[PDB]
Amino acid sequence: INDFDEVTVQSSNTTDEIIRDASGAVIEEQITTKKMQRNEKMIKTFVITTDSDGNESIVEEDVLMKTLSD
């Protein structure tokens, strides 16, 4: 499921920030978009860093939540 490099889209906006890192100046273009679609709650998180060499590094974090007792 690398589909992540691509269903009601309830929002979308695109800001522009200019940052100084621990060195030089970087422009940054922030599209930020809320979508939606189809005893536990599943909150999965993904952070995909890609670079000018096609190289992708993902970091997933699944936070599953069941309710036990009481």
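A residue's number is simply how far along the shown sequence it sits, counting from 1.
- Coordinates are absent for 10 or more residues of the deposited sequence placed between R38 and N39.
- In this entry, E6 is separated from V7 by 4 to 9 residues of the deposited sequence that have no coordinates.
- When the modelled residues of the chain are ordered by C-alpha B-factor, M65 sits in the middle third.
- In the deposited entry, the Cα temperature factor of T14 places it in the middle third of its chain's modelled residues.
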